[PDB]
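Coordinate inspection notes
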There are 2 protein chains.
Amino acid sequence: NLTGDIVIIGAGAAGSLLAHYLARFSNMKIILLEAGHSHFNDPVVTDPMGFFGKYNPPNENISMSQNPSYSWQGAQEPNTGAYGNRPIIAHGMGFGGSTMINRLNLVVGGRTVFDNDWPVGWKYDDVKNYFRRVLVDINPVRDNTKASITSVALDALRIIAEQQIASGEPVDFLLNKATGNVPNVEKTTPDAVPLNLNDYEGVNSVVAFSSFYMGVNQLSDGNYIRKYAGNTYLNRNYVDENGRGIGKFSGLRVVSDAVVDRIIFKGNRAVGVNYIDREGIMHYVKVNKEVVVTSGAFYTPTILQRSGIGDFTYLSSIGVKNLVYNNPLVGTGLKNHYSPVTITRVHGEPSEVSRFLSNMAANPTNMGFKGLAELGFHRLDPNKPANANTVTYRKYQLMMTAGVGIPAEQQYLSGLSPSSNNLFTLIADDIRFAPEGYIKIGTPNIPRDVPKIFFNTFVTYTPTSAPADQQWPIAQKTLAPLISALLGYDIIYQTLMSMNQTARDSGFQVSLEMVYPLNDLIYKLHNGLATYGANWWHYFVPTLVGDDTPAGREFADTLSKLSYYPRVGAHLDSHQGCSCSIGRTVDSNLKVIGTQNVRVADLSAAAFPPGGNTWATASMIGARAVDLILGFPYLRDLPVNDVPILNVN
Amino acid sequence: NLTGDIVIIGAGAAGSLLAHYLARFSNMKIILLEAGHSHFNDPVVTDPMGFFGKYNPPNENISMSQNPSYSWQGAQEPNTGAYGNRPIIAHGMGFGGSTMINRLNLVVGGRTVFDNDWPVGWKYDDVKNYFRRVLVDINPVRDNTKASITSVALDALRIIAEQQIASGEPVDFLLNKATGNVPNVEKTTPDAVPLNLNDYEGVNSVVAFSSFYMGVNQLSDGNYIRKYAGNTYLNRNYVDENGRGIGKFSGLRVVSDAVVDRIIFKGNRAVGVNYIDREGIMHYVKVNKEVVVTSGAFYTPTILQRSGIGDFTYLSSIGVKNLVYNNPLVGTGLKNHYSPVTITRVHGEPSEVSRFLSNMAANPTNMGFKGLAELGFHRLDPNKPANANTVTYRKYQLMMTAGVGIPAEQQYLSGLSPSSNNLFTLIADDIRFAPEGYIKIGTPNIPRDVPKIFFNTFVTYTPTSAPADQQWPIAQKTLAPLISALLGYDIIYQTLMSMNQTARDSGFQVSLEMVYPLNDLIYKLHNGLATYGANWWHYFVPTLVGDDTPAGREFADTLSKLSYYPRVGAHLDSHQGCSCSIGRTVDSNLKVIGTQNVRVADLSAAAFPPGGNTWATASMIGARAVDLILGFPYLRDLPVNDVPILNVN
Ligand SMILES: Cc1cc2nc3c(=O)[nH]c(=O)nc-3n(C[C@H](O)[C@H](O)[C@H](O)COP(=O)(O)OP(=O)(O)OC[C@H]3O[C@@H](n4cnc5c(N)ncnc54)[C@H](O)[C@@H]3O)c2cc1C
Ligand SMILES: Cc1cc2nc3c(=O)[nH]c(=O)nc-3n(C[C@H](O)[C@H](O)[C@H](O)COP(=O)(O)OP(=O)(O)OC[C@H]3O[C@@H](n4cnc5c(N)ncnc54)[C@H](O)[C@@H]3O)c2cc1C
């Protein structure tokens, strides 16, 4: 039988890293069990453009996130906040987990979230060096191509930022406390210094910039390669074709195509792990010291529940026999990000519109992204944190792309064709997304693509007969996601209006029109914000308002029609996390409460979602786990010039 | 270890019956392995109204077909024919499989389909006693409640029927060859005799009626119980709490919560079966004589594939180690039915409308269905079988229900609220649904809710540069489903125009208006059909017609706008089948081609979808397997008065 000291389940963003460094810095037998296999020579994966379908077969034309050979297919339960829709969200299945199939925008998340929303021991000064490690191991690149539209948008945001600083209101979406009075917007002067949304000390919580950082490396022949958790830590320099570690890493054994079932216990001590090989034969791995679960937000909790740790009452009811620890929180508190989409039509002469939209085509160094910012709360969002006026919170990741980013059904309904060369995309991604959900295994036997995953977003508030004043604070929470999402539309609207000016100033004969959601509706929304001010959001519940004027009805009507677009004119992110978070399923040392020796070290342990894409944060937890398990800051103390050596195979 | 002579995988419609009668008529050891467990004490299942959500928790308000604890969640691949939508279609999981969670409309499927689309040895006179056995075991009931609107509608179909008969055209949708010149429409007098769509000799291929037959039985206290494959064949009179067959049935052993992995071979002879119990332990069952796979259309082929039966190149390439027989057809030829939805509004005084739409509420004896018919081909459908003028084919199953049966998003977009008391639903279900698909395991290790399932429905035809005369027959096949689907709408338009007359005649002061899809489009559609005749469907591809008249463009535009509705104004039925069919994966004895001793005896074996709901047909095949395995018509010769005795626990 296989026998290991530390057994790790899941070779994802966290597990690959965890596995790599544990082998290096210890003398233990490390066994890494992974459901998939390596895709080191699969152009669908290794060429960053493969994500966009460059190498898809024509008769089975599906993305990796839709393809069961490449991923887990997490079909969630009906979204009561979105017309009963059932989005299917993926976890990658292979070396690198989800980093194998993702869009590679690598974001730390800002200082603020870790200082306020994470516990003692997990504050930003505790994790910044681990983040630094994750980044240097990847060594991400900036966009290799300047586009005129990016500068136009920056100069437009500069003006708005100036209006905001000057007006003196305490919180608004382009204010950034640590950079004081001067707009924290990258300059568009000849010799501008690039701004790094990932600056080491976290000064740039809110910031607008010309380029994100993509997880790719350029090879000596000039191609770009996906640089991800998979080929970075588990390539042939470190692990041979039989899954055996090399040299300093000889303690590692990587088991490919190993679908783990459960953790085996003696009392509250983990002693073994079950998995099934590709022949349908079951194997037992004996555990000498610890089990570490790194199977993703959806699946880590389903493994604990199936292993007998979770809500006893529920588990017994579905036929789970061996119960280990009663903790009803396992799998609860599921969080994500969410990306409503907007579309702009550019008016003017075709040749001139063309000039304005040049250099936007996606390539590996940008993955389609041409900017722009990490933003704060809109001034009229009622749901700001208590101390939001004294530290600057991230609320939106603003992304600009070429093309037409709305869903196919919506393209038809809207008349907006992806083949129209006068259209482009803006996204205000809500990265403090209010909905919270939970995960429950439906059956006890085996891992399934589809546990119960409950995650409801843009729900309605249904009025009671109670006095208005008692309902409004209730309504405020329920409506939180619609509220933030509509304010996202206004941010983009404001921004487009200044761009109408700065575009002209930069010599472009164009005008810009927001056309999805409907131009007429957004205009009406902006005016309503000015009109009704802070309590504008009351009009989501007209019947509690008692404003039966022609003017009043029209604004209530406007918000009603608008609530449709974040529901279906949008994409749910694949940034799921926090389903087994610190303080709920595990302690501050990542050990599962109620067990002697099981830890969770992936994104599902995150106390609160990071301000931006989640890969960086996920690898960071894994990084710390190396040091937690080993009892010394080996990886924290490691010089930044020592990084894993890349092998493409 | 367990050892059996015959091992059955899946206690579904087919599997439950097969196990039951095999134990009775033989001395063999029968082992039935089922992934779920019995739900004989679960009111959600046993109460027919539980289907509609009667015992649903308000916070997890999901149907059985949506609940992973009650079913497999078959999320299919993006449908290129429906805006990239990814429907999640269920198989029931428990004693009775899908008959445990289904809507209980019990339909044989008609003589015509078995006589023509099924092979020799499987014609209707070959199977009719097996169908009878299935029905008497269940003993379905008629609607216990008469609604005026059902009869108003019937009399309306009679009128259309007289016109069709009189015109003398060979094929149109209310024509029935076996009933000559007389309308095959149920009469509406005080003492009218009921028409039986499941009539023994199959006369009523096309027929209009007041009542379907529901799989419910009435108990002595007046409640109704779901009467389904699970409790009919596997209740406590026949199988004990430990899974041991009782008395004459003592050779049967039933394993609950048994997730089967694969079949083990010695050469091409099946010798074993793998499963995982609810404790996560793998077990081996030895097979002395035969394995019968009855796991449903989605999963029966994935079991075979994991077993080494399928496309060697694909299977090898994904790590299936042990290969048995090369047949690339395994999992191909997948068919289903499909239900576009229409909505009608009733005009008039509130009080008169209320009276007209009265008595439609769903109960166990009707499961919401208030009629109406099995219809033949529309005269303008270019895709009739060659002999449609000499034998009468079923093409649509026509259903009438109260309420608003379109998806939530379409209710919002359309403005039709389900809580509005002047609306009702009509469905012309295409039961000769043209699309064909396929199933492929994504991984070799374990059963997954989500293999690759390709099923594209209402696809477009893209013109080539070749002459029109050469393209039209290609476009004709591609467009078959849109063609058949819009014509379903026209059947329904027609029925409603004639109902406006018969409603008035029955003393109701009302008028009826089709409101989903938009009244204007359907009006325009009807006129075009009259105007353009047989070649009306050429206007799905305007660029080939070269009719640049104002009129031509309006009808083309009209077909474009209408093509939206069957895509999203609809439901894919949960009637998937034919994925391992006779003549392709298995022979006429249900034996898997290339094996000594494996059979498929569930709906995946079906040669062609029955004309209506598939439960009856699924069970019929299992029934034949009984006589096929045993070598004599025991079950065929069994008197109709000898039936399983119900024990409710
Ligand atoms: C479509 C998509 C787009 C994304 N976009 C980006 C982006 O642009 N930027 C960004 O920062 N992040 C992106 N991500 C998100 C980011 O990759 C994840 O949040 C991060 O990878 C989480 O890492 P993890 O280790 O915690 O989980 P994962 O990375 O997903 O690792 C899970 C691993 O566990 C394995 N596993 C699961 N169950 C078992 C089992 N029973 N037995 C054995 N192994 C098992 C899986 O095979 C998988 O390898 C995207 C992800 C997807 C799917
Ligand atoms: C929501 C819904 C509505 C429908 N309503 C109707 C209706 O109104 N009228 C009608 O005539 N029909 C209805 N049906 C269709 C009908 O139920 C099915 O076509 C018919 O039951 C198919 O029977 P089957 O034997 O082929 O498969 P199933 O009845 O579905 O049974 C297959 C069994 O095999 C089990 N199984 C699968 N994989 C494994 C494994 N690896 N190991 C062990 N066991 C396994 C499954 O869990 C299941 O128990 C409906 C079905 C659904 C889901």
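Moving on to the relation of the copies chain A and chain B. Mapping chain A onto chain B calls for a screw motion: a turn of 179° about the axis and a shift of 0.2 Å along it, with 0.3 Å RMSD after fitting. The superposition of one copy onto the other is thereby described by a two-fold rotation axis. The share of interface residues of chain A whose copies in chain B are also at the interface is 95%, consistent with both copies meeting through the same surface.

This next bit is on the UniProt feature "active site" in chain A. Residue and element names in this part refer to chain A. Taking the UniProt record as the reference, the feature "active site" is found at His 575. Relative to the helices and strands, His 575 resides in the loop between β22 (570-572) and β23 (598-600). The residues touching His 575, leaving out its near neighbours within four places in the chain, are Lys 335, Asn 336, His 337, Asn 613 and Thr 614. In this structure the side chain of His 575 is engaged in a polar contact, spanning 2.8 Å, whose partner is the side chain of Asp 573.

Residue and element names in this part refer to chain A. All told, the structure shown has 61 aromatic pairs over all chains when counted by the stated rule. Judged by centre distance (5.5 Å) and plane angle (20°), the ring pair of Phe 25 and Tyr 634 falls under stacked. Linking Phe 25 in helix α1 (residues 15-25) with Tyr 634 in the segment after α17 (615-630), this pair joins segments that are 609 residues apart in sequence. A residue is classified by how much of its surface remains accessible, and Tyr 634, at 34% relative accessible area, is partly exposed. Ring geometry for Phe 433 versus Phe 455: centroids 6.4 Å apart, planes at 50°, classification tilted. One end of the pair, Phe 433, is in the loop between β18 (423-430) and β19 (437-440); the other, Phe 455, is in the loop between β20 (452-454) and α11 (468-478), and 22 residues separate them in sequence. Members of the aromatic cluster, joined through ring pairs, are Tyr 21, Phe 25, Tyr 233, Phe 632 and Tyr 634. We note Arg 103 situated over the ring of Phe 369; from NZ or CZ to the ring centre the distance is 4.3 Å.

Residues and elements named next belong to chain A. Around ligand 1, the structure places 37 residues, and the nearest of them are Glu 34, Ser 98, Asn 105, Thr 614 and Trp 615. A distance of 3.3 Å separates an oxygen atom of ligand 1 from a polar atom in the backbone of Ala 14. Contact distances for ligand 1 include 3.5 Å between an oxygen atom and a side-chain N or O atom of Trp 72. Within the complex, the protein chains bury 96% of what would otherwise be the 1,000 Å² of accessible surface of ligand 1. A total of three residues in the shell around ligand 1 trace back to one element, the largest contributor, which is strand β4 (residues 88-92).

Attention now goes to the pattern of salt bridges. Residue and element names in this part refer to chain A. Tallied over the full model, the rule gives 52 salt bridges over all chains. Two residues, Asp 155 and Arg 158, come together in a salt bridge whose shortest N-O distance is 3.1 Å. Of this pair, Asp 155 and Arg 158 both sit in helix α5 (residues 148-167), three residues apart, which is roughly one turn of that helix. Linked by salt bridges that have partners in common, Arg 111, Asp 115, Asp 125, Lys 128 and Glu 201 make up one network.

All names here are of chain B. On the basis of which strands lie adjacent, the open sheet formed by three strands has the order β14-β19-β20 and antiparallel pairing. The outermost strands of the open sheet, each flanked by one partner alone, are β14 (332-334) and β20 (452-454). Neighbour-to-neighbour, the strand axes of this sheet turn through a mean angle of 30°, independent of strand direction.

All names here are of chain A. Pairing within the open sheet is antiparallel, and its three strands lie in the order β14-β19-β20. Of all the strands in the sheet, just β14 (332-334) and β20 have a single pairing partner and so form its edges. Neighbouring strand axes in the sheet, compared pairwise and without regard to direction, differ in orientation by 35° on average. The pairing of β14 with β19 spans two bridges and is classified as antiparallel. Residue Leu 334 lies in a different strand from β19, and its bridge partner there is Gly 437. Its contacts with the sheet put helix α7 (residues 296-307) on β14, β19 and β20, and the angle it makes with β19 is roughly 45°.

Here we take up the environment of A:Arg133. All names here are of chain A. Residue position: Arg 133 is located in helix α4 (residues 124-138). C-alpha of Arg 133 to C-alpha of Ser 619: the two residues are 486 residues apart in sequence and 9.5 Å apart in space. Of note is the side chain of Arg 133, whose polar atom sits 2.8 Å from the side chain of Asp 137.

What follows deals with unusual backbone geometry. Here the amide bond leading from A:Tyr516 into A:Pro517 is cis, since omega sits at -5°, within 30 degrees of zero. That bond from B:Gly371 to B:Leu372 is cis: its omega, 15°, falls within 30 degrees of zero. Position of B:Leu372 among the secondary structure elements: in strand β16 (residues 372-375). For A:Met367, which is not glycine, the phi torsion reads 45° and is therefore positive. Within the fold, A:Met367 resides in the loop between α9 (350-356) and β16 (369-375).

When the parts come together, some accessible area is lost, and that loss is often what is quoted as the size of the interface. All names here are of chain A. Under the domain assignment, chain A is made up of domain 1 (1-142 + 213-336 + 433-455 + 574-649) and domain 2 (143-212 + 337-432 + 456-573). The centre of domain 1, based on its C-alpha atoms, is set 32 Å off from the matching centre of domain 2. Contacts between the two partners involve 55 residues from domain 1, matched on the other side by 49 residues from domain 2. When the two sides are added together, the surface that domain 1 and domain 2 hide from each other amounts to roughly 4,200 Å², 55% of it contributed by carbon and sulfur. On inspection of domain 1 and its partner domain 2, the count reaches three salt bridges. Linking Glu 201 and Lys 128 is a salt bridge whose minimum nitrogen-to-oxygen distance equals 2.8 Å. Applying the counting criterion to the domain 1 and domain 2 interface returns 25 residue pairs in polar contact. For the side of domain 1 that touches domain 2, the secondary structure elements donating two or more residues are α3 (111-116) and α4. No other element matches the six residues that α4 contributes to the side of domain 1 that touches domain 2. Its residues assigned to classes, the side of domain 1 that touches domain 2 comprises 29 nonpolar, 19 polar and seven charged.

What follows covers a nonpolar patch on the surface. Among the surface-exposed residues, A:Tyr412, A:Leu413, B:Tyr412 and B:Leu413 lie close enough to one another that they form a single nonpolar patch of about 330 Å² accessible area. Listed by contribution, the elements that provide at least two residues to the nonpolar patch are α10 (408-414) of chain A together with α10 (408-414) of chain B. Tracing the chain through its elements places B:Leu413 in helix α10. Judged by relative accessible area, B:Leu413 falls into the partly exposed class, the value being 38%.

Basis of the calculations
Residues numbered from 1 in each chain as written, not as in the entry; some residues may be left out. Chains lettered and ligands numbered in written order. Heavy atoms only, no water. Least-squares fit on C-alpha atoms. Contact = heavy atoms within 4.5 Å. UniProt positions renumbered as here; feature names shortened; annotations may be inferred. Helix = DSSP H or I, 4+ residues; strand = E, 2+ residues; numbered from the N terminus. Polar contact = N/O pair within 3.5 Å; in protein donor to acceptor, adjacent residues only side chain to side chain. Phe/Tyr/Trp six-rings, centres within 6.5 Å; stacked < 30°, edge-to-face > 60°. Buried < 20%, exposed > 50% of the residue type's maximum accessible area, 1.4 Å probe, protein only. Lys NZ or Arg CZ within 6 Å of the ring centre and 35° of its normal. Near = heavy atom within 4 Å. Areas by Shrake-Rupley, 256 points an atom, 1.4 Å probe, with all protein chains shown as cover. Salt bridge = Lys/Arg side-chain N within 4 Å of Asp/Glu carboxyl O. Pairing = 2+ DSSP bridges. Axes fitted to C-alpha atoms, helices over the stretch in contact; angles between N-to-C directions. Domains from an automatic or database assignment. Buried area = accessible area lost by both parts, 1.4 Å probe. Nonpolar A, V, L, I, M, F, W, Y, C, P; charged D, E, K, R; others polar. Patch = residues over 30% accessible without salt bridge, like charges linked within 9 Å, V, L, I, M, F, W, Y side chains within 5 Å.

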